[PDB]
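Engineer: Okay, handing you the structure first.
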Amino acid sequence: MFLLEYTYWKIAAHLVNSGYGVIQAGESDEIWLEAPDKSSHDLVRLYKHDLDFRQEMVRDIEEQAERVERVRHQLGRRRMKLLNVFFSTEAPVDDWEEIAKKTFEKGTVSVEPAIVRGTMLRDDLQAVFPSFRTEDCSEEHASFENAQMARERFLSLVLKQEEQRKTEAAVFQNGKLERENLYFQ
């Protein structure tokens, strides 16, 4: 029952409802979503974990990349790319910003780390997932207790998605954001 846990299930819902294929869905801490665009990113991992130090933050990626090496084999790609989004109540107390500014590459794996922290969550969440509406995470609905209901809604949602993708074939809208920023010195 956590505030981030509510958001974690709500993002899983929005992604699968946006056509992302659920590679692995059931765990209360980790969900894998196949990128339907089959863009430079192959998959997205939602990970509900609180991080004290940037040490643990980088350490997670070391494991993620080895997990991804297994996926690379079945994907047949020359490189595998994972977007990994941590869902944490707060950001690590030191140097974590360097981590979000660096692509973790290990062998033929590339990982894009991201972390949404409760401290600025409404802005942070749409920065990573602009496909998610902040109105859907209204303060009056985003509570520690509501996280329980969020799981239930998600479980009914993934089944509803089966019907949704049938009507989805009649595409009638497109859009883009083109949010670029980078950094330099």
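In the structure tokens, each chain is lettered A, B, ... as it comes, each chain's residues begin at 1, and ligands are numbered from 1 in order of appearance.
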Which of range 50-130 of chain A counts as strand (DSSP E) under DSSP, as a ChimeraX atom specification please?

Structural biologist: /A:80-88,104-106,109-117

Engineer: Print the selection's residues with C-alpha atoms to a file, as a PDB file, in the first residue's frame.

Structural biologist:
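For reference, result.pdb as written:
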```
ATOM      1  CA  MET A  80      18.971  -4.896 -27.181  1.00  0.00           C
ATOM      2  CA  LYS A  81      17.573  -1.726 -25.581  1.00  0.00           C
ATOM      3  CA  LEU A  82      15.537  -1.541 -22.380  1.00  0.00           C
ATOM      4  CA  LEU A  83      13.900   1.516 -20.823  1.00  0.00           C
ATOM      5  CA  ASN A  84      14.010   0.892 -17.052  1.00  0.00           C
ATOM      6  CA  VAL A  85      11.791   3.077 -14.896  1.00  0.00           C
ATOM      7  CA  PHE A  86      12.274   2.998 -11.132  1.00  0.00           C
ATOM      8  CA  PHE A  87       9.238   3.972  -9.045  1.00  0.00           C
ATOM      9  CA  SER A  88      10.635   5.383  -5.791  1.00  0.00           C
ATOM     10  CA  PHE A 104      24.275   1.920 -19.354  1.00  0.00           C
ATOM     11  CA  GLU A 105      25.845  -0.304 -22.010  1.00  0.00           C
ATOM     12  CA  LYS A 106      27.027  -3.820 -21.305  1.00  0.00           C
ATOM     13  CA  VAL A 109      22.843  -4.374 -24.221  1.00  0.00           C
ATOM     14  CA  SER A 110      21.900  -0.731 -23.900  1.00  0.00           C
ATOM     15  CA  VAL A 111      19.710   0.481 -21.003  1.00  0.00           C
ATOM     16  CA  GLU A 112      18.099   3.773 -20.492  1.00  0.00           C
ATOM     17  CA  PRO A 113      17.693   4.375 -16.758  1.00  0.00           C
ATOM     18  CA  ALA A 114      14.846   6.547 -15.513  1.00  0.00           C
ATOM     19  CA  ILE A 115      13.401   7.122 -12.045  1.00  0.00           C
ATOM     20  CA  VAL A 116      10.133   8.766 -11.089  1.00  0.00           C
ATOM     21  CA  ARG A 117      10.346  10.066  -7.531  1.00  0.00           C
TER      22      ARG A 117
END
```

Engineer: So which bits of range 29-142 of chain A end up alpha helix (DSSP H) when you DSSP the backbone, as a PyMOL selection string?

Structural biologist: chain A and resi 54-75+96-100+121-128

Engineer: With only C-alpha atoms as the counted atoms, please give the residues lying no more than 9 Å from residue 107 in chain A, apart from itself and same-chain residues fewer than 4 positions off, as a PyMOL selection string.

Structural biologist: chain A and resi 65+69+79

Engineer: How far is it from CA of residue 30 in chain A to CA of residue 48 in chain A, in Å with one decimal?

Structural biologist: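 Spanning CA of residue 30 in chain A to CA of residue 48 in chain A is a straight-line distance of 6.5 Å.
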
Engineer: To one decimal place, how far is CA of residue 11 in chain A from CA of residue 129 in chain A in Å?

Structural biologist: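 Pair CA of residue 11 in chain A / CA of residue 129 in chain A returns 8.1 Å.
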
Engineer: Just checking: using only C-alpha atoms, which residue out of A:29, A:164, A:54, A:10 ends up closest to residue 125 in chain A?

Structural biologist: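 Nearest to residue 125 in chain A: A:10.
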
Engineer: If I take CA of residue 90 in chain A and CA of residue 44 in chain A, how far is one from the other in Å, to one decimal?

Structural biologist: 21.0 Å

Engineer: If we count only C-alpha atoms, what is near residue 122 in chain A at a cut-off of 12 Å, once residues fewer than 6 positions away on the same chain are taken out, given as a list in words?

Structural biologist: residues 3, 4, 7, 116, 128, 129, 130, 132, 133, 134, 135, 136, 137, 138, 139 and 142 of chain A

Engineer: Please produce an output containing N, CA and C atoms for each residue in the selection, written as a PDB file, in the first residue's frame.

Structural biologist:
```pdb
ATOM      1  N   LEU A   3       2.102   5.074  -2.230  1.00  0.00           N
ATOM      2  CA  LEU A   3       1.693   6.080  -3.211  1.00  0.00           C
ATOM      3  C   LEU A   3       2.275   5.738  -4.586  1.00  0.00           C
ATOM      4  N   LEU A   4       3.540   5.352  -4.616  1.00  0.00           N
ATOM      5  CA  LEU A   4       4.193   4.975  -5.872  1.00  0.00           C
ATOM      6  C   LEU A   4       3.588   3.706  -6.439  1.00  0.00           C
ATOM      7  N   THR A   7       0.739   4.484  -8.649  1.00  0.00           N
ATOM      8  CA  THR A   7       1.243   4.939  -9.940  1.00  0.00           C
ATOM      9  C   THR A   7       1.794   3.789 -10.788  1.00  0.00           C
ATOM     10  N   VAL A 116      11.175   7.805 -11.401  1.00  0.00           N
ATOM     11  CA  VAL A 116      10.133   8.766 -11.089  1.00  0.00           C
ATOM     12  C   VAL A 116      10.073   8.772  -9.568  1.00  0.00           C
ATOM     13  N   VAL A 128       8.543  11.072 -18.335  1.00  0.00           N
ATOM     14  CA  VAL A 128       8.927   9.736 -18.809  1.00  0.00           C
ATOM     15  C   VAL A 128       7.803   9.142 -19.661  1.00  0.00           C
ATOM     16  N   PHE A 129       6.574   9.302 -19.194  1.00  0.00           N
ATOM     17  CA  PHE A 129       5.390   8.787 -19.879  1.00  0.00           C
ATOM     18  C   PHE A 129       4.430   9.924 -20.233  1.00  0.00           C
ATOM     19  N   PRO A 130       4.708  10.681 -21.309  1.00  0.00           N
ATOM     20  CA  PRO A 130       3.760  11.753 -21.654  1.00  0.00           C
ATOM     21  C   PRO A 130       2.426  11.210 -22.176  1.00  0.00           C
ATOM     22  N   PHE A 132       0.719   9.268 -20.449  1.00  0.00           N
ATOM     23  CA  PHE A 132      -0.100   9.168 -19.252  1.00  0.00           C
ATOM     24  C   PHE A 132      -0.575  10.560 -18.859  1.00  0.00           C
ATOM     25  N   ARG A 133      -1.855  10.673 -18.545  1.00  0.00           N
ATOM     26  CA  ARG A 133      -2.445  11.963 -18.196  1.00  0.00           C
ATOM     27  C   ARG A 133      -2.333  12.184 -16.701  1.00  0.00           C
ATOM     28  N   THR A 134      -1.834  13.336 -16.288  1.00  0.00           N
ATOM     29  CA  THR A 134      -1.669  13.612 -14.857  1.00  0.00           C
ATOM     30  C   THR A 134      -3.021  13.704 -14.155  1.00  0.00           C
ATOM     31  N   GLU A 135      -4.066  14.003 -14.912  1.00  0.00           N
ATOM     32  CA  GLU A 135      -5.427  14.070 -14.375  1.00  0.00           C
ATOM     33  C   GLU A 135      -5.892  12.698 -13.879  1.00  0.00           C
ATOM     34  N   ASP A 136      -5.332  11.642 -14.459  1.00  0.00           N
ATOM     35  CA  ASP A 136      -5.679  10.263 -14.096  1.00  0.00           C
ATOM     36  C   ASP A 136      -5.015   9.883 -12.765  1.00  0.00           C
ATOM     37  N   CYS A 137      -4.094  10.727 -12.325  1.00  0.00           N
ATOM     38  CA  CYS A 137      -3.388  10.544 -11.061  1.00  0.00           C
ATOM     39  C   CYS A 137      -3.709  11.748 -10.179  1.00  0.00           C
ATOM     40  N   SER A 138      -4.984  12.111 -10.158  1.00  0.00           N
ATOM     41  CA  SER A 138      -5.464  13.230  -9.358  1.00  0.00           C
ATOM     42  C   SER A 138      -5.135  12.968  -7.892  1.00  0.00           C
ATOM     43  N   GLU A 139      -4.793  14.014  -7.156  1.00  0.00           N
ATOM     44  CA  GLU A 139      -4.374  13.881  -5.756  1.00  0.00           C
ATOM     45  C   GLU A 139      -5.459  13.238  -4.884  1.00  0.00           C
ATOM     46  N   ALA A 142      -5.028   9.477  -5.891  1.00  0.00           N
ATOM     47  CA  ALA A 142      -3.714   8.883  -5.693  1.00  0.00           C
ATOM     48  C   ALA A 142      -3.402   8.746  -4.196  1.00  0.00           C
TER      49      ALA A 142
END
```

Engineer: Hey, which of A:66, A:49, A:131, A:22 ends up closest to residue 176 in chain A? Count only C-alpha atoms.

Structural biologist: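 Among the listed residues, A:131 lies closest to residue 176 in chain A.
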
Engineer: Select, from A:101, A:13, A:68, A:63, the residue with the minimum atom-to-atom distance to residue 41 in chain A, counting only C-alpha atoms.

Structural biologist: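 Closest residue, counting only C-alpha atoms: A:68.
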
Engineer: Could you check the closest approach to residue 60 in chain A for each of A:150, A:43, A:99, A:158 and tell me which residue wins, using only C-alpha atoms?

Structural biologist: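 Among A:150, A:43, A:99, A:158, it is A:99 that comes nearest to residue 60 in chain A.
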
Engineer: Using only C-alpha atoms, which of A:151, A:163, A:143, A:127 sits nearest residue 177 in chain A?

Structural biologist: A:127
